[PDB]
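What follows is a set of notes on a single structure, which appears directly below.
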Ligand SMILES: NC(=O)NCCC(=O)O
Ligand SMILES: [Zn+2]
Ligand SMILES: [Zn+2]
Ligand SMILES: [Zn+2]
Ligand SMILES: [Zn+2]
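Protein chains in written order, with full-length UniProt numbering: chain C, 2 to 293, 303 to 541; chain P, 2 to 294, 303 to 541.
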């Protein structure tokens, strides 16, 4: 026959279309869309039985264990994360390269990427992955700082196809000044990079943590109290101001604050190139879960402060940054996904064990009496596992339960926009004959009376296919799940089973994003020298 | 051969993708998309030479001559309008059926549509067309009326596939009170119709026109002065408030006011189902063009205007429409609205009256009728511009090529796909879907070519419009691309400047319920409609 694979009787969903058609796949790529394709032309035929077919999900906010250990030891390798991703319908992930301050000169940032690529080249990869670069040390003063930095960004792009840079406005060791952000923006704009910011006011966070500890208020729940949404709002406002002065396109990661969403919306209405990301957890969970409706029935989650009130430390399962917000906030995150505030949705996947206490990758790492650590929220490793649950959670709580407008909005923010904003388009993100990698998800049919033994009813840890010992969504009902995950024209997940023999993932060299060319709009008569 | 038509070497543009691929067409529909299709498989092969291929344009705001003469006599029939559409890359138009106050009972609104369908069934149609229903007489009081109106909308949908209703907040004879709008919203929400509003405060317009005439300020330019942007803003705010109270999806037609755009955006941010339309003229023209004397058209390059003919005091009427073309500095707002999601769709508000003949009932000079106490005052000027032909090329050029729109995808979204979705013609129309889409396609000229194309026009002229009007307001301006092929239901109807009449086979279109116009189910108080 002439094609490797034909998908029949399915409904194709893209960022802008929903329709019944059939797909042929060959040599790792989408080859054809047509009404009906002769089954004898394919080596393998999949009957979708009326189910939706979506592009594979693209999660551009994933944390994996890396050699510099910026977030300490993390339980998931690239092997584990990509396995988990695929079991949950995600077929591309983008992780983070930590700037290595021991490397100097023109190649310093390319050498930072090399550490990661070399490490992951020996692991079994279930899908493709890319890398963002994290920057936390910027040279001073600016006029030099901006010029050698320029050469370094070119080298990172030319050698490894990295075109995105991530910076922090909070966290000791990561927080950089406004002045240094401007220096970076100068370089990124010039090179057409995608500039990413974690926008919380680090000074306010630090002061409030100290004030809480002084009163002995150190339980997990006070992580939220130390940094209310007005702190994320202020910083996001300040960061927009910087981007405006510098005419530099900007993406805010994991937005959770209504105040932040407000200033982001206002900038987008003005036509400034301000992009935003949010995460399932900010729409589905509230901070009531950290101690003892448009989201998850919180009492249905198992192994939480509600079910285990004797365990005072169990709130740590849900500690992340920015914090899961108070009741009443979650609805404005859904509205943000529908109204255009959020360009993409990522997971902020970051995994630390709860049911083992001794390892360096345990949440209980917060207990270290010999290093003046006694379980205070300050010392809790921040993050939740989420790479597997991202796609099904939006399918269910978003599309089926009506919190997202349609399947097309789902695809737009989960698949196509991530590819576009991070320079993986059109190789990834869509279903384009002759062009797209054959990265596809076939779901189960929604309106069927037929029983599918392989379709899960609840989220469990075993279902995650990851290396962590818990998921925060443990025990909750889930109303659909990937029935097939196809990665580069091969079936890698089938009806609850991973097919390791079809794992052929590779590092992905990315291009410059067409969304991140500058507006050419300025506040004053000043222009950068190179203009 | 197995297929009627193959398009090779082109670049496919949809509402969310841009990519090089080839298309096969048979029996009026898109059959196949693939990297490369064997040319021996097609009866006809078109080499696109690297140019973009878009879906055909869908203009859901077109006015044609109709038997009840709501807008007086209009120069274009459905024959003329669809010919003009096709010459400009538009492959579906939606015009308007005037409520016939002489028909009574359950079938009264279906009977209104029948008048139009019957009349156009004898004309040569170059592409498909649908109809919106215009409502200006609502029965009172609301409760007792509910059954009849509800039953009437059902009959209009069941018999003629009409699923949209249009109402006016201005114009004597058309303006309806807030009370009556709520009665209509009650019925339309219940039937999943698309509710359309022209939102200008009619009372403010009426008062200010009388104030201006009292001072003798009657020239065409004072049309704009009689109804500044704050008037469109107020009424748009009022209409949103009504739609909110009634949990009814709403579309605002030809939005031109920054204040209107602002309250529209705020509602969209809240998640209310508020949609909006704008038109090329609100982004490209300013009111300076209505009397003698960088993001729009260079106004001095327009031929046959108050700039070139300052002797002709009435020539400003060529550019009189409602809402008015706005003062300098407003036009940029409209582009931003197209980019940031404020505007769901772009239509033309195509409405044609002759300028170079003065005697007929379809002339602009209709405003001169000494016996009916009419002496050229702006009040008597028939409102409207021809635009159905120029809509797609104007956005291609001044939008995509000149960088006022963000991408070709955004162009397709607002010009083709969203119009189909919001008015229940999707997926039959609006996209390029194998086995599903009517083969309605445009092949442009290649942008980056050094090759000469004798058939590619450099300027907009009246002759190029292929319409029945004797002017276009964009006469004389540079245009940097144009449809090279317009394919309608798998047949070539426009090729390189020539209309192919023998391939004209357009039909009336029965439309469905729009998936965008199901209600949000969100209310201001504990009250719910009886049927829920
Ligand atoms: N307003 C205008 O330009 N023409 C009359 C058509 C209409 O808007 O109903
Ligand atoms: Zn972060
Ligand atoms: Zn993170
Ligand atoms: Zn109107
Ligand atoms: Zn109109």
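Built from N, CA and C at the ideal position, the CB exists for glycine as well.
Listed by chain order, chain P residues near residue i by CB distance under 8 Å
i, result
"residue 266(C)", "270"
9 Å Cβ cut-off: residues of chain C touching residue i
i, result
"residue 426(P)", "17 and 18"
"residue 22(P)", "442, 443, 444 and 445"
Pick from the options that is closest to residue i, judged by C-alpha positions
i, options, result
"residue 68(P)", "21(P), 30(P) and 119(P)", "119(P)"
"residue 13(P)", "209(P), 426(P), 366(P) and 24(P)", "24(P)"
"residue 226(C)", "182(C), 334(C), 324(C) and 153(C)", "334(C)"
"residue 364(P)", "352(P), 356(P) and 326(P)", "326(P)"
"residue 269(P)", "253(P), 281(P) and 284(P)", "253(P)"
"residue 72(C)", "195(C), 100(C) and 444(C)", "100(C)"
"residue 264(C)", "453(C), 291(C), 236(C) and 496(C)", "236(C)"
"residue 44(C)", "8(C), 524(C) and 86(C)", "8(C)"
"residue 98(C)", "217(C), 258(C), 249(C) and 117(C)", "117(C)"
"residue 321(P)", "128(P), 20(P), 459(P) and 221(P)", "221(P)"
"residue 536(C)", "248(C), 190(C) and 484(C)", "248(C)"
"residue 192(C)", "242(C), 241(C), 250(C) and 181(C)", "250(C)"
"residue 80(C)", "405(C), 218(C), 480(C) and 130(C)", "130(C)"
Which of helix, strand or coil DSSP assigns to residue i
i, result
"residue 200(C)", "coil"
"residue 81(C)", "helix"
"residue 447(C)", "strand"
"residue 326(C)", "helix"
"residue 309(P)", "helix"
"residue 128(C)", "coil"
"residue 502(P)", "strand"
"residue 459(C)", "coil"
"residue 348(C)", "helix"
"residue 483(P)", "coil"
"residue 133(P)", "strand"
"residue 159(P)", "helix"
"residue 536(P)", "coil"
"residue 267(P)", "helix"
"residue 293(C)", "coil"
Residue interval of the beta strand (DSSP E) (run including residue i)
i, result
"residue 58(P)", "58–60"
"residue 33(C)", "30–35"
"residue 528(P)", "Where residue 528(P) is concerned, there is no enclosing beta strand (DSSP E), given that its DSSP letter is neither H nor E."
"residue 251(P)", "251–253"
"residue 92(C)", "91–99"
"residue 26(P)", "23–27"
"residue 43(P)", "43–48"
CB contact below 7 Å: residue i versus chain P
i, result
"residue 294(C)", "It's not possible to place residue 294(C) here, given that chain C moves directly from 293 to 303."
"residue 436(C)", "yes"
"residue 445(C)", "yes"
Cβ of residue i within 7 Å of any chain C Cβ
i, result
"residue 34(P)", "yes"
"residue 302(P)", "No atoms are given for residue 302(P), which sits in the stretch of chain P between 294 and 303 that the model skips."
"residue 355(P)", "no"
"residue 345(P)", "yes"
Distance cut-off 6 Å: residue i Cβ against heavy atoms of ligand 6
i, result
"residue 358(C)", "Absence of ligand 6 from the depicted structure is noted, with ligand 1, ligand 2, ligand 3, ligand 4 and ligand 5 being the only ligands included."
Where residue i meets chain C, residues with beta-carbon distance less than 8 Å
i, result
"residue 422(P)", "17"
Neighbour list for residue i in chain P, Cβ cutoff strictly below 7 Å
i, result
"residue 350(C)", "350"
Opening and closing residue of the alpha helix (DSSP H) in which residue i lies
i, result
"residue 110(P)", "109–121"
"residue 9(C)", "Here residue 9(C) belongs to no alpha helix (DSSP H); instead the beta strand (DSSP E) covers 4–9."
"residue 242(P)", "230–246"
"residue 182(C)", "179–191"
7 Å Cβ cutoff, residue i in contact with chain A
i, result
"residue 452(P)", "This model lacks chain A altogether, as its protein chains are C and P."
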